[PDB]
Amino acid sequence: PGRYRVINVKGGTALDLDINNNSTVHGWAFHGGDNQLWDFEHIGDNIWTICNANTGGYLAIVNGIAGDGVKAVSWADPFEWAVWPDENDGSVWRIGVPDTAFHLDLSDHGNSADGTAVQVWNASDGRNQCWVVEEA
């Protein structure tokens, strides 16, 4: 479905599935490889699955239970995300565990460093929780 890149607003790096283990989700400088492209499938009511182009793995969280600092990971099963415009800047998006306050978060204050882990964390104003979803 609609294939998109997902760039962190604060870090400037792409949501990337580690090319070596195909499991760890981290920020990496955008190069346009399939591991940085994500198939957004609309389930309904602006709920989505987000499926890596490289592996077919779905964006999810380790062990499925949302909490502060639970890391993002690739799953063989679908995991549902709410995707909506940020409240302060309508031009960017949040990607969240549905009906929870746990938002997809670029760790270490949205560090631009390649390999910066992506996780979920309680919703804050931080642009490290804001993403640009755009075609590629």
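Each chain carries its own residue count, beginning from 1 and running in the order its sequence is written; this scheme need not agree with the entry numbering, and residues with no coordinates do not appear. Computation of side-chain values covers all heavy atoms of the structure but excludes hydrogens and water.

Looking at the entry header, you'll see X-ray crystallography listed as the method and 1.6000 Å as the resolution.

### Focus: the overall build of the chain
Helix and strand assignments follow DSSP, with helices taken as H or I runs no shorter than four residues and strands as E runs no shorter than two, numbered in order from the N terminus. Assigned secondary structure in the chain consists of one helix and 12 strands. Helices and strands in the chain line up, N terminus first, as β-β-β-β-β-β-β-β-β-β-α-β-β. Whereas a compact globule of 136 residues would reach a radius of gyration of roughly 14 Å, the chain reaches 13 Å, a difference of no more than 12%. Along the first, second and third principal axes, the C-alpha atoms of the chain reach 35 × 35 × 30 Å. For this measure, only C-alpha atoms enter the radius of gyration; the expected value for a globule follows 2.2 Å times N^0.38, where N is the number of residues.

### With respect to the side chain of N35
On the secondary structure map, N35 appears in the loop between β3 (25–28) and β4 (38–44). Side-chain atoms alone can form a polar contact between residues adjacent in sequence; in general such a contact is a pair of N or O atoms within 3.5 Å, and within protein one must be able to donate a hydrogen while the other accepts it. Of note is the side chain of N35, whose polar atom sits 3.1 Å from the side chain of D16. In what follows, a contact means two residues having at least one pair of non-hydrogen atoms within 4.5 Å. Excluding its chain neighbours within four sequence positions, the residues that come into contact with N35 are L15, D16, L17, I19, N52 and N54.

### Some details on the environment of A76
By the element assignment, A76 lies in the loop between β7 (72–75) and β8 (81–85). Remark: the alpha-carbon pair of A76 and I61, spanning 15 residues in sequence, is separated by 12 Å.

### Thoughts on the side chain of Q119
You can see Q119 is positioned in strand β11 (residues 116–122). The rule is simple: take the accessible area with a 1.4 Å probe, protein chains only, and divide by the maximum for that residue type; under 20% is buried, over 50% is exposed, in between is partly exposed. Judged by relative accessible area, which is 9%, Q119 ranks as buried. For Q119, the residues in contact, after removing those within four places along its chain, are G69, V70, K71, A72, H103, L104, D105 and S107.

### Looking at the packing of aromatic side chains
We call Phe, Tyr and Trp rings a pair once their centres come within 6.5 Å, taking the six-membered ring for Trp, and we label the pair stacked below 30 degrees between planes, edge-to-face above 60, and tilted otherwise. Summed over all chains, the structure comprises four aromatic pairs. Both rings, one in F40 and one in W48, keep their centres 5.9 Å apart while their planes meet at 70°; by these two values the pair is edge-to-face. The exposure class of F40 is buried, given its relative accessible area of 4%. Accessibility expressed as a relative area gives 19% for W48, which makes it buried. Here the aromatic residues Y4, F40 and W48 are joined through ring pairs into a cluster of three or more.

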